[PDB]
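Two separate entries follow, structure 1 and structure 2, each one form of the same protein chain as structure tokens.
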Structure 1
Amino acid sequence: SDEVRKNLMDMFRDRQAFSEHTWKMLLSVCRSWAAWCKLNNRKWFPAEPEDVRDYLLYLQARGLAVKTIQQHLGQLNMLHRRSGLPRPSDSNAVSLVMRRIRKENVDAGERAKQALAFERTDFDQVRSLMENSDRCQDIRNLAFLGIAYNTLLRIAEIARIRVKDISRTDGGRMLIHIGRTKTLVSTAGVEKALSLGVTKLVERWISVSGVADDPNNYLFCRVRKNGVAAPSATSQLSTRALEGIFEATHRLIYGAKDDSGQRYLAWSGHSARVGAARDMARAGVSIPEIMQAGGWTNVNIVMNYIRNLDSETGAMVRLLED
């Protein structure tokens, strides 16, 4: 108990050991679990196997995804392991229900989702509609879509790009140095080159926005109702705003969302990563090259994006079709 107290003090002292996103999820899960425990007269810490099991059944009955349930369990595991206590996962009761819950939800037809693809056909279409808008907002947004599709960078990585990360190649293209990599060994590399077409789009945004007046300015910034951009070296466009661009672009072409509350009814942050992976597959680019283009180390993530493409139909279709 003094041991657990000490262990948790260590966690606070070195809290930068974990992402702020990890902490947010931990806190969210602990609130959920503690609220459920107070309601059901259970002790929330240390978590007992039988109680954790009932809670997971609750999450299932609520309609949460299997991955959501795993997250809740994962956070409980982490809190306990770092406290020096036995993990909920290491119990018979919890291993058994998780097995049961996964099988039941799979058989009930639960599907993992993924971003609606934003592909070359969509990019050309948006390009042909918005190319000659000289509204600042439209100019920024097109440059952003170009970079997203061209580089397969995640929204948080795009939001962090500074003017000084960009140089010019011998061949006329912009080259974006990756200032902060995703991991120590950067599978996606240290640089992303833009095509000559996307280079033009970004050049347009830079000259229109004034961001290059200070090399430390983030590439992308706020554009207010009066078509004036507000460059900043201290404040990034939020990843939320970047998702808004994808959604607005989709609304431009396809109108209002279907309202069914479902996810991925419009393009989102991951849409151009999915779309690019698909276009490379269509063109016959090797799996390893596709994986490097997006900084993937696992084939299965990529497979999920491209597995409904005719080029990926497998040997039996090939055998049967001659």
Structure 2
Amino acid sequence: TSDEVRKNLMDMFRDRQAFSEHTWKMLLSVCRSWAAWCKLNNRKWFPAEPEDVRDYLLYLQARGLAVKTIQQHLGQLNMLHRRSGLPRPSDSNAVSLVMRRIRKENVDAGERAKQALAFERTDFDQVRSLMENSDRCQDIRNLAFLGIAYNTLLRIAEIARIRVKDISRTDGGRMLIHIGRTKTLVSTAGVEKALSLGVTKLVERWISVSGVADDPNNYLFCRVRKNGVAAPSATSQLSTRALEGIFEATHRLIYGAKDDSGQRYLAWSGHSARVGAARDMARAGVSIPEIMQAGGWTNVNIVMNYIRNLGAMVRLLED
């Protein structure tokens, strides 16, 4: 009750670190949204009334937002309440059923959550075939990045977190990248992402022209200014936003500027090589169980999602 809510909420703010910085950014972005919808209609934003939550989801739906975004708003509200020691909006038929209904009506009109434009071995080979010959710091960095992204399948944020001290060697001379935390795990054991001899070379070239290896505690990737001078750091990472820019720029290099549609995934992006690699592995005949360790997935669906038709019966028949 009131005192208890102030304490539960307060207890949450104290140990903020317990959750991702991003969960907080969304908690707040959703609350900003809901509070706004609430003011305009003179309703109390907290605790939220199921019926109010319901008109809110319907209102997001009418704004033409994705089922996933609508489910994000409901999930943030649910967390605020549950962690508040209060009932969850989803705990009410009104909210439970409207969610189902919005999802159901949205899909049955098409809506499908999207996946990033793939970046496979071919694009890597072509891009490398062209960038290989550059002596520019930016280019050397960007090719090492793409190479690591394709080879390791790590998420951009995990790549930005790599520190020089995290790199080792196999004996065959292959670089070994030690991975601490991921979206799926936060352990002291952790992974050892290995690189192919060619990708190591690539990386090796970047560490060299950049002088990041200066401090072991330095981030593997950093800014590189117009003058071609890198700017190593053990406190600031190269933003995932910039990493996303590498993918976009590399795609703009080969295919030119993008549509005017305003759609997403017109060019490669942070997850392009993960999708792309996962795939390439399927074809090669790699074992799902294997395609899975590559991406660090403890399950089979995403994996399943990334490779398909979206044939065989035409040969039995065809003969």
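Rigid core: the largest C-alpha set superposing within 1.5 Å between the two forms. Shifts are known only where both forms have a C-alpha. Reference numbering: structure 1, starting with residue 1.
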Review point. Of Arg224, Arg240, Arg180, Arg135, which is the single residue whose C-alpha shifts by 2 angstroms or more between structures 1 and 2 after core superposition?
Key: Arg180
Point to revise | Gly197 C-alpha relocation of at least 2 Å between structures 1 and 2, rigid core basis | key: no
Revision key, fill the gap. With the core held fixed, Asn298 moves its Cα between structures 1 and 2 by a number of Å equal to 2.3
Practice item. State the core-superposed CA shift for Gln16 between structures 1 and 2, in Å to one decimal. Key: 1.5
Check your understanding: Mind listing the moving segments between structures 1 and 2, meaning three or more residues in a row, each Cα shifted 2 angstroms or more, core aligned?
Key -> 179-189, 314-322
